Structure formats: structure tokens, C-alpha cells
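> Mind looking over this structure? Questions follow.
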Amino acid sequence: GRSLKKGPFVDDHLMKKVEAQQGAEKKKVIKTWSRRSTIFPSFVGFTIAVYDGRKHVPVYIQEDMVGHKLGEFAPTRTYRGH
Amino acid sequence: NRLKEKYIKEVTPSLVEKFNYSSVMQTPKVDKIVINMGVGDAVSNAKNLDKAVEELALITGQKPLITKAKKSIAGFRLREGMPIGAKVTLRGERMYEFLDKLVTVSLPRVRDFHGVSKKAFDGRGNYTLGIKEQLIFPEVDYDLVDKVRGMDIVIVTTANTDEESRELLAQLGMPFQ
Amino acid sequence: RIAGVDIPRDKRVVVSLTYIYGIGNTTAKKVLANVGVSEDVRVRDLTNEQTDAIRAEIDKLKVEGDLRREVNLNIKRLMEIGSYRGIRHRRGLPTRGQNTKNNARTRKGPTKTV
Amino acid sequence: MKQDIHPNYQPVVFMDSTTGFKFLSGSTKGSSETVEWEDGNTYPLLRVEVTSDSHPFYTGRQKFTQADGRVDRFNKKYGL
RNA sequence: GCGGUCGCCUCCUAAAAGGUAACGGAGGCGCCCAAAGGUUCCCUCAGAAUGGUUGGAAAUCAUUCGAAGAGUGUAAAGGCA
RNA sequence: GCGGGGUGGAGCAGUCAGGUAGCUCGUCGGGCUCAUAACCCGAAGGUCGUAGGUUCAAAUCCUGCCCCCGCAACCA
RNA sequence: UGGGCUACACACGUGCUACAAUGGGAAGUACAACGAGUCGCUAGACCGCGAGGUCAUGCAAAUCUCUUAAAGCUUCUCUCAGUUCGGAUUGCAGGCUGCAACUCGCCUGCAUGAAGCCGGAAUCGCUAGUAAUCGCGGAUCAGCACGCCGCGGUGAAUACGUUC
Ligand SMILES: [K+]
Ligand SMILES: [K+]
Ligand SMILES: [K+]
Ligand SMILES: [K+]
Ligand SMILES: [K+]
Ligand SMILES: [K+]
Ligand SMILES: [K+]
Ligand SMILES: [Mg+2]
Ligand SMILES: [Mg+2]
Ligand SMILES: [Mg+2]
Ligand SMILES: [Mg+2]
Ligand SMILES: [Mg+2]
Ligand SMILES: [Mg+2]
Ligand SMILES: [Mg+2]
Ligand SMILES: [Mg+2]
Ligand SMILES: [Mg+2]
């Protein structure tokens, strides 16, 4: 996977936005196109609207979700069945 | 005799003090223990019932009574009087010995054991423990069992209230959740 | 026997150990190396003391219902959080990126000609 | 108690192999190994490895580490 | 004429003894049991509530309530705890 | 009211005489063919109308019930 | 910018790996050819179980390297087992390339160990260094092939005959 020396990855703009909202009593939805961003404890407790190709699907972060990419929690394509 | 000694010595004074009984006669005690093994597979093959009966007899030390369907039910392919399910009754010393072994040995051997329920009370001070599988009792030998099976162990006490029954069972040793 | 599983008798000790869940061939070699027991001897030929030493190593290891609970917990964790992988597990589809247009029979199950 | 119909029942002692907790109780199973006991008596001994005392739930303390948080996994992973 | 019926048992008709008709209203019988007979001893049900692995409305188990709401080979009436 | 029937998609056995669910066509899939047909190879499709009894066992015996078909429902 | 071309009740084509003992596994030992290499091929050493990492060496090359090829041969073990066959799927933990590996890369270790017991009707390639089988290099290419192109190793059976 992602090599250890490299650290995590998180788009700087997304990381900056979450850090700005850190000092907040109540969190506001963060609209992002950054599928690549990795989830952080700072991300915990927020609602992030991740772009899924055509619209920003909201996702509530939690300590269970940490350690994964945001895009994985926003399915791209819909398949109801046949 | 260990559990009987434990009861009479520790439990009886403790319950007397806790519940402020005027006379010692009021002390709740385990009247009997009825272990029931419900075998619906007997209809398909009576040998299933025979193996279940053999397992129960080995576990309990007494020959079980082979209960029979009081009614004929088409839903279960059941005809009235078919020998489905067995039970054993234990009182006094045998009751105490089996209860002590259940508390100590068999319960830990249960898969992913986190204790026993704390709500399986009829509302009159009588409890029942639903064993999901055998092989927890050392007498089973973990190998003879071709098909795994469960059972229901009903502990009947003289306790008037679920509270008194819970106290007695806990003192005798019961890993409630 | 060792971890509650009756490993084969006539087989060699390494292979009989592999029959335990949560233990592969490499792990079997490592535990036997720690215990000092030769890998060629059959489990029937193993002495009681060697068997007990093997038991201590295995107990130190994590296997059987413990490992099964752990893996099920991980899979359940994915499904509950609603990950893409969790939905893959829920719908019985390849989770590691394979293509589902063909193949995928291992996850999907037997073919339905409909 | 009826005769010749009940499974052979005998007193037997159990010892927790891990902790050594002892208790005497009846059983259908018999053990070739026999041990002494207070009151100057001997009974077959059925050794057991797991008992109430050994089992974690009765103790109230858990042997498992309870797993790790994912961020903590990541902390150890990338030294962060 | 056609259809239905022809002997025996039970109920209602039947008018609180008995009996009482109609091509009046309803059902059964042409057996069964070697125990489903006799006797001695012993026992009490159906359902419900609650708790309990398979097990689900409902299999078997336990406490309580529960005078019959069951059962009585076989129709109904009468009777039987 | 008198009969005849309810089994796979359709048509039919099996029912009498209790043990085990079939034949034909048809359908789905794959072959052959330039392609279709014919042909060849696989597969599916009913718990036997339905509910109760009899039995160790019911598609089969018994009872009722629901459906569909034909006839009748009045004569000098 | 992000997503899709990577979907997935299904049908077909083309391949790879298998179903095992003419084999799996462990150790030792032998023999190639075609090609590629500048911020590229990388020696040697050290670290790491491994993928690889660090230091560092030679070579714009019949000079150094990729590159001691694998089948093979010799021992030891396995004893016909859905297994010490099989290597899918899955969990974990990692190595790389890249700004970035969730959709959606390759690879490594541990763990798990799926179907599969030689395949119906039918159907394909091949007449000799060929079929079969074993590796190796290359173009594309930051990274990524069971594909394609090329190279060599070992190396058969059969052809009566032209009715169909
Ligand atoms: K895919
Ligand atoms: K395909
Ligand atoms: K095609
Ligand atoms: K291929
Ligand atoms: K070999
Ligand atoms: K990717
Ligand atoms: K490449
Ligand atoms: Mg294993
Ligand atoms: Mg892919
Ligand atoms: Mg009168
Ligand atoms: Mg009168
Ligand atoms: Mg009578
Ligand atoms: Mg674009
Ligand atoms: Mg494409
Ligand atoms: Mg084989
Ligand atoms: Mg030619």
C-alpha cells in the first residue's frame, strides 16, 4: 500500500478546511471533490459531501471510518439489479 | 455436596439477612432442576432421539423420560404420542452436583461465553438456561456426538420473586450478563 | 487434541499442524522450530511432553474461534460502516477489484442460466 | 433409585490444570488417574484445563487486548 | 309419471308424564375393541400468561391462573371431574 | 338435480389394485447451418385443485369443499 | 475537477492455471539464444523472512549489467488423500511507481484454502527440430500482460490412401 515514509495522503485544501472547522461548536458540511483524501481523527465527527461523479453525497465520519479513502464511502455507479 | 454445603452455610444466612425473613423456613432453595432436550428430528429418524437420549443420560446420570407429543400436528409431520424430546429430573444431592458442574465446567466450555442471561425468569422465581449446544459437559466426550444439539435446563426454586431467585442463583454462581 | 481440532495421526507433524485453522505451513515450521521438535516425526510418534510444548506455542498463537471471530468482526465492521468493500461483502461480489462481467463465480456462486 | 437402568454414576474430582482449582462432584465419565482428598479418601480425577477460575469472564479481566483503533494502527504504521 | 323414500339409532317438530303426523327441519347405522372388557391401585383436563436451542402461531420443558370451556372408538341427545 | 373432470406451459398416463411422480409436444441454454427449419446434446418446469380423515406410508382410499364442462329443472 | 470506458441475473470467443506420483515439496548440481541499458542497466556489500531499501561499482557497452535461464540431472520426503493436488476468494500486515492505488495498479509475508477427480453434443492446431512442453528478451511503459513480437532448451506419434 502507501509506503510508510510517505505518510498519509490528504489534499491540502480539504485538510485546511477541516482544520479551520476544528475550532467549531457545530460542524458545517464540507463539499469536496477529493476522493483520494484519507480519513483522519480530525475528520471524525464531521459531514463531508463527497463528489461521486455527478453530485456530492454526504457522509458522516466516525472513528470506525478512519483509515480509509473518502471516495470508497461514495459509490460511483448504481446497480439495482435486472 | 460442595454446592449444598455452600448453600446451607453461606447462601442461607445471606438471603435471610438480605430479605429479612421472620423464620428460616422462608429461605428460598432450589426445589428441582428439569433438563429438557427437544428433538424434532425423531420423526425423520428415531435414532436421532436415541442418540439424544443417550447423550442426556450420560450428561445427567439418570435415565430420561421420553416425552411424547400430546397432540398430532401436521405442520411438523408429528403424530400424537410420537417420542419427541426427553427430560430428566434431579433433586437433592444429584441436583446439587449437576448444578455445581454446570456452573464450573460446562459453562466456560460454551463457545464465546460472555455469561448467562438475566431475564429468563418466569416471574415467579424460576429460571431456565437455554444451552445452544452440548459438548460443553465433560461427560459428552466431544466425539460421540454425530449431530450437535442443544437443551433447556429449568431451575425451579421456592423463591417467590425473580429478585430472590436471581440472588440465590448468583450466590450459587451464575455468570449473568 | 491441540486447539480443539483432532489433527491427523499418521501425517507428519508439520502437516498435521497445518490442519489446524489459522496455521499455515510456514507457521507450523516456526512453532516446531521454537519447540525443538523435528518436523518429520508423525504426531502419533510425538511424545506427551512434545505435544504439551506444541500446545503452549499454539495457545500463545491466535487461532480457531478466536481468529474466526476477529475476521468476522473486520468484515462486519466494513458492512456496518457501509464501505464499498462492505457493500461488496453484502452483495457477494468481488471486493479486490476483479471484473464481474465474466468469472466472479467464486463470490457469486453457481451460475444461474436465466 | 431404580437399579440397572441408570448410567454408571461415580464420584470424581476435577482440577483446573491452569490454576489447580479443585472440586469433588459426581459424573458419568471415569478417569484412570485417581487422587487423594480430605477425609482420607481417594476418587478418580478428571483433569480439566478451563474452569470458572481460569475462564476470563469469571475473573472479570480480559486476556485479549481488545484490538486497536485504526488511526492508532496508522500512527504506528507511519510513525505519526 | 320423473325424482326421492322403504329397516334401525339420536335430536327438533312434540303443545314441561308417556305417546303423537306430513314427500316436515337436521344427522347417523349395517360396525369397532383381545383391549377400547373385569377387577385392584393410582391420576385429573382444554386453553391462557410468563420464561426458555433447534423451535417458527403452534413439537417438548417449568411456574401460575384455570370447574370443565377437555375427553368420553363411532351421529346426536342425555350423563360423566 | 344428474354425470364428467381438476397431475409440469398444453395435452395425457399413472388412480381401480397405497410405496417409486412419468409420456408427448412445448419452453430455456448450448451445438450443427452462410442463416432458418429439421437434427444433436444438456436443463428446467408439478409436492398431483383444495381442506380434513384412513395408514407405517395417500396423486392413488374415504369425506367435504372450490372450480370447469355437458344435460335437466316439468309432462295431458 | 470528478466519474465512466474496470458495471454484472446472463450467453459466446480467445487464453492462463489446474484437477496430480511421467507429480508436489526440500537440498545440491549443468547446459542457452534473441535482445535492452543514461539519469538508464546496475555489480559488490549491508539491512529486511520477502517484495525490496541503503551505501556503492562498472558500462553509451563482443569491455559492465540486466543474466548462474527453466525444463534437466542426483539425492531426501510425501504415498493416492479433494491431499504436502489446487491456488480462487477473503482478512491482516507491507514494498514500490506516481500528486494521487476507493471506484481502479502491480508485487510481497502471514492467515484462509473455493471450484476442479480430465471434461456432453460438438469442435481446434499440427507432417520435424514440427506438435507438446520449458524457460528467456523485447516494444508499448512513471507504475502495470495469462496478450503480442522475437529467442533458444528438451523433444515425439502418425501419413495405409483420396471413398467421404
Ligand atoms: K471491476
Ligand atoms: K469469458
Ligand atoms: K462471441
Ligand atoms: K489469457
Ligand atoms: K519427487
Ligand atoms: K487503482
Ligand atoms: K514495464
Ligand atoms: Mg491450517
Ligand atoms: Mg483489474
Ligand atoms: Mg304434553
Ligand atoms: Mg313429552
Ligand atoms: Mg371408555
Ligand atoms: Mg478528465
Ligand atoms: Mg474495453
Ligand atoms: Mg486423485
Ligand atoms: Mg504442410
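Each chain in the C-alpha cells gets a letter, A, B and so on, in the order shown; residues start at 1 in every chain, and ligands are counted from 1 in the order they appear.
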Hey, which residues sit close to ligand 6? Say within 7 Å, counting only C-alpha atoms (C1' of nucleotides) and all ligand atoms, and write them as a PyMOL selection string.
chain G and resi 101+104-105
> Export N, CA, C and O atoms (P, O5', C5', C4', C3', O3' and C1' of nucleotides) of the chosen residues as a PDB file, in the first residue's frame?

ATOM      1  P     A G 101      -2.042   6.758  -2.927  1.00  0.00           P
ATOM      2  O5'   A G 101      -2.772   5.740  -3.910  1.00  0.00           O
ATOM      3  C5'   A G 101      -4.169   5.854  -4.172  1.00  0.00           C
ATOM      4  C4'   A G 101      -4.766   4.546  -4.634  1.00  0.00           C
ATOM      5  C3'   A G 101      -4.554   3.373  -3.683  1.00  0.00           C
ATOM      6  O3'   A G 101      -5.710   2.534  -3.677  1.00  0.00           O
ATOM      7  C1'   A G 101      -3.584   2.877  -5.785  1.00  0.00           C
ATOM      8  P     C G 104     -13.426  -1.154  -9.661  1.00  0.00           P
ATOM      9  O5'   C G 104     -11.884  -0.768  -9.584  1.00  0.00           O
ATOM     10  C5'   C G 104     -10.887  -1.668 -10.052  1.00  0.00           C
ATOM     11  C4'   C G 104      -9.522  -1.030 -10.054  1.00  0.00           C
ATOM     12  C3'   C G 104      -9.022  -0.602  -8.678  1.00  0.00           C
ATOM     13  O3'   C G 104      -7.606  -0.747  -8.615  1.00  0.00           O
ATOM     14  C1'   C G 104      -9.138   1.280 -10.091  1.00  0.00           C
ATOM     15  P     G G 105      -6.953  -2.172  -8.271  1.00  0.00           P
ATOM     16  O5'   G G 105      -5.601  -2.160  -9.110  1.00  0.00           O
ATOM     17  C5'   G G 105      -5.624  -1.939 -10.511  1.00  0.00           C
ATOM     18  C4'   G G 105      -4.234  -1.761 -11.059  1.00  0.00           C
ATOM     19  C3'   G G 105      -3.218  -2.815 -10.659  1.00  0.00           C
ATOM     20  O3'   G G 105      -3.313  -3.989 -11.448  1.00  0.00           O
ATOM     21  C1'   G G 105      -2.285  -0.674 -10.334  1.00  0.00           C
TER      22        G G 105
END
> If the limit is 6 Å from any atom of ligand 8, counting only C-alpha atoms (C1' of nucleotides) and all ligand atoms, which residues qualify? Return them as a list in words.
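Residues lying within 6 Å of ligand 8: residues 18, 19, 20, 21, 22, 23 and 24 of chain C.
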> Taking only C-alpha atoms (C1' of nucleotides) and all ligand atoms and a cut-off of 8 Å, can you tell me which residues surround ligand 7, written as an MDAnalysis selection string?
chainID G and resid 141 143:144
> Could you give me the residues within 12 Å of ligand 12, counting only C-alpha atoms (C1' of nucleotides) and all ligand atoms, as a PDB file with C-alpha atoms (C1' of nucleotides), in the first residue's frame?

ATOM      1  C1'   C E  33     -62.059 -53.151  20.669  1.00  0.00           C
ATOM      2  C1'   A E  35     -58.366 -54.009  24.973  1.00  0.00           C
ATOM      3  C1'   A E  36     -61.204 -49.574  23.718  1.00  0.00           C
ATOM      4  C1'   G E  37     -63.664 -55.875  28.711  1.00  0.00           C
ATOM      5  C1'   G E  71     -62.051 -36.262  26.929  1.00  0.00           C
ATOM      6  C1'   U E  72     -65.576 -39.955  26.705  1.00  0.00           C
ATOM      7  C1'   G E  73     -63.861 -45.600  19.372  1.00  0.00           C
ATOM      8  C1'   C E  80     -69.970 -38.417  33.447  1.00  0.00           C
TER       9        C E  80
END
> Give me, please, the distance in Å between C1' of residue 42 in chain G and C1' of residue 68 in chain G, quoted to one decimal.
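Separation between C1' of residue 42 in chain G and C1' of residue 68 in chain G: 17.0 Å.
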> Please measure the separation of CA of residue 88 in chain C and CA of residue 58 in chain A, giving the value in Å to one decimal.
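Here the two named atoms are 20.1 Å from each other.
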> Counting only C-alpha atoms, which residues of chain A come no farther than 10 Å from chain C, as an NGL selection string?
:A and (60-62 or 64-65 or 68-76)
> At a cut-off of 6 Å, list the chain C residues touching chain G, using only C-alpha atoms (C1' of nucleotides), as a VMD selection string.
chain C and resid 22 71 100 to 101
> Any residue with an atom at most 7 Å from ligand 15 counts, using only C-alpha atoms (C1' of nucleotides) and all ligand atoms. Which are they? Put them as a PyMOL selection string.
chain G and resi 20+80+117
> Could you list, as a PDB file with N, CA and C atoms (P, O5', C5', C4', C3', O3' and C1' of nucleotides), in the first residue's frame, all residues that come within 8 Å of ligand 10? Count only C-alpha atoms (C1' of nucleotides) and all ligand atoms.

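Full text of result.pdb as output:
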ATOM      1  P     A E  14     -94.883 -28.693  18.042  1.00  0.00           P
ATOM      2  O5'   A E  14     -94.272 -29.321  19.369  1.00  0.00           O
ATOM      3  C5'   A E  14     -95.099 -29.540  20.505  1.00  0.00           C
ATOM      4  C4'   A E  14     -94.716 -30.792  21.252  1.00  0.00           C
ATOM      5  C3'   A E  14     -93.235 -30.935  21.589  1.00  0.00           C
ATOM      6  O3'   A E  14     -93.100 -31.605  22.841  1.00  0.00           O
ATOM      7  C1'   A E  14     -93.914 -32.762  20.269  1.00  0.00           C
ATOM      8  P     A E  15     -93.302 -30.815  24.227  1.00  0.00           P
ATOM      9  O5'   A E  15     -94.674 -30.025  24.045  1.00  0.00           O
ATOM     10  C5'   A E  15     -94.700 -28.606  24.104  1.00  0.00           C
ATOM     11  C4'   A E  15     -96.108 -28.059  24.136  1.00  0.00           C
ATOM     12  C3'   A E  15     -97.130 -28.831  24.953  1.00  0.00           C
ATOM     13  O3'   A E  15     -97.048 -28.531  26.335  1.00  0.00           O
ATOM     14  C1'   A E  15     -98.068 -28.143  22.867  1.00  0.00           C
ATOM     15  P     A E  16     -97.110 -29.702  27.432  1.00  0.00           P
ATOM     16  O5'   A E  16     -95.603 -30.209  27.516  1.00  0.00           O
ATOM     17  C5'   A E  16     -94.553 -29.291  27.773  1.00  0.00           C
ATOM     18  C4'   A E  16     -93.540 -29.849  28.736  1.00  0.00           C
ATOM     19  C3'   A E  16     -94.086 -30.783  29.804  1.00  0.00           C
ATOM     20  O3'   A E  16     -94.240 -32.115  29.353  1.00  0.00           O
ATOM     21  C1'   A E  16     -92.762 -29.145  30.834  1.00  0.00           C
ATOM     22  P     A E  17     -95.584 -32.926  29.681  1.00  0.00           P
ATOM     23  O5'   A E  17     -95.066 -34.373  30.080  1.00  0.00           O
ATOM     24  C5'   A E  17     -94.018 -34.537  31.025  1.00  0.00           C
ATOM     25  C4'   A E  17     -93.979 -35.947  31.550  1.00  0.00           C
ATOM     26  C3'   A E  17     -93.891 -37.041  30.499  1.00  0.00           C
ATOM     27  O3'   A E  17     -92.561 -37.278  30.069  1.00  0.00           O
ATOM     28  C1'   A E  17     -95.612 -37.559  32.034  1.00  0.00           C
TER      29        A E  17
END
> Kindly work out which residues sit at most 6 Å from ligand 1, using only C-alpha atoms (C1' of nucleotides) and all ligand atoms, and give the list as a count of residues only.
4
> List as a PyMOL selection string the protein and nucleic acid residues lying within 10 Å of ligand 2, with only C-alpha atoms (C1' of nucleotides) and all ligand atoms counted.
(chain C and resi 101-103) or (chain G and resi 11-15)
> Quick check for you: according to DSSP on this backbone, which residues of range 136-172 of chain B are classed as helix (DSSP H, G or I)? Reply as a ChimeraX atom specification.
/B:138-140,162-172
> Generate the output file for the selected residues, C-alpha atoms, as a short mmCIF file (atom, residue, chain, number, x, y, z; two decimals), in the first residue's frame.

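So selection-v2.cif came out as:
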data_model
loop_
_atom_site.label_atom_id
_atom_site.label_comp_id
_atom_site.auth_asym_id
_atom_site.auth_seq_id
_atom_site.Cartn_x
_atom_site.Cartn_y
_atom_site.Cartn_z
CA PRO B 138 -17.17 -33.13 30.03
CA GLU B 139 -19.16 -36.38 30.01
CA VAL B 140 -20.07 -35.79 26.35
CA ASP B 162 -37.43 -13.12 40.43
CA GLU B 163 -35.25 -10.94 42.68
CA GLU B 164 -34.84 -13.64 45.32
CA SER B 165 -34.27 -16.29 42.65
CA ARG B 166 -31.61 -14.14 40.99
CA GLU B 167 -29.81 -13.62 44.31
CA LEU B 168 -29.81 -17.34 45.11
CA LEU B 169 -28.60 -18.33 41.65
CA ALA B 170 -25.88 -15.66 41.61
CA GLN B 171 -24.64 -16.72 45.05
CA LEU B 172 -24.55 -20.33 43.85
#
> Quick one: residues within 10 Å of residue 32 in chain A, only C-alpha atoms (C1' of nucleotides) counted, chain neighbours fewer than 3 positions away excluded, as a PyMOL selection string?
(chain A and resi 11+13-14+17+29+35+37+48-52+56-58+70) or (chain G and resi 2)
> Take the residues from that selection and put them in a file with C-alpha atoms (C1' of nucleotides), as a PDB file, in the first residue's frame.

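Once written, result32.pdb looks like this:
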ATOM      1  CA  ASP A  11      -5.476  17.016  -0.328  1.00  0.00           C
ATOM      2  CA  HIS A  13      -7.329  22.164   0.554  1.00  0.00           C
ATOM      3  CA  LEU A  14      -9.511  19.537   2.235  1.00  0.00           C
ATOM      4  CA  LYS A  17     -10.930  23.186   5.576  1.00  0.00           C
ATOM      5  CA  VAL A  29     -20.938  20.277   5.664  1.00  0.00           C
ATOM      6  CA  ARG A  35     -11.898  11.180  -3.455  1.00  0.00           C
ATOM      7  CA  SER A  37      -8.217  12.072   0.735  1.00  0.00           C
ATOM      8  CA  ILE A  48     -18.411  15.559   4.176  1.00  0.00           C
ATOM      9  CA  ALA A  49     -20.242  15.794   0.848  1.00  0.00           C
ATOM     10  CA  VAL A  50     -18.020  13.747  -1.459  1.00  0.00           C
ATOM     11  CA  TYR A  51     -18.462  14.158  -5.202  1.00  0.00           C
ATOM     12  CA  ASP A  52     -19.435  10.809  -6.741  1.00  0.00           C
ATOM     13  CA  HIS A  56     -21.836  15.453  -3.563  1.00  0.00           C
ATOM     14  CA  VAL A  57     -23.091  12.562  -1.434  1.00  0.00           C
ATOM     15  CA  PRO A  58     -22.945  13.434   2.293  1.00  0.00           C
ATOM     16  CA  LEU A  70     -13.327   9.209   1.242  1.00  0.00           C
TER      17      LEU A  70
ATOM     18  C1'   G G   2     -14.559  14.038 -10.621  1.00  0.00           C
TER      19        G G   2
END
> Using only C-alpha atoms (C1' of nucleotides), which residues sit within 7 Å of residue 23 in chain D once same-chain residues fewer than 5 positions away are excluded, as a PyMOL selection string?
chain D and resi 13-15
> Keeping N, CA, C and O atoms, export the residues of the selection given above as an mmCIF file, in the first residue's frame.

data_model
loop_
_atom_site.group_PDB
_atom_site.id
_atom_site.type_symbol
_atom_site.label_atom_id
_atom_site.label_comp_id
_atom_site.auth_asym_id
_atom_site.auth_seq_id
_atom_site.Cartn_x
_atom_site.Cartn_y
_atom_site.Cartn_z
ATOM 1 N N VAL D 13 -13.225 -36.198 41.110
ATOM 2 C CA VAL D 13 -12.643 -34.896 41.408
ATOM 3 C C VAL D 13 -12.205 -34.243 40.107
ATOM 4 O O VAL D 13 -11.753 -34.919 39.176
ATOM 5 N N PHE D 14 -12.345 -32.922 40.042
ATOM 6 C CA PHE D 14 -11.900 -32.126 38.908
ATOM 7 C C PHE D 14 -10.885 -31.103 39.391
ATOM 8 O O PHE D 14 -11.084 -30.460 40.426
ATOM 9 N N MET D 15 -9.797 -30.955 38.640
ATOM 10 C CA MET D 15 -8.785 -29.947 38.915
ATOM 11 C C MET D 15 -8.584 -29.094 37.674
ATOM 12 O O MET D 15 -8.465 -29.625 36.563
#
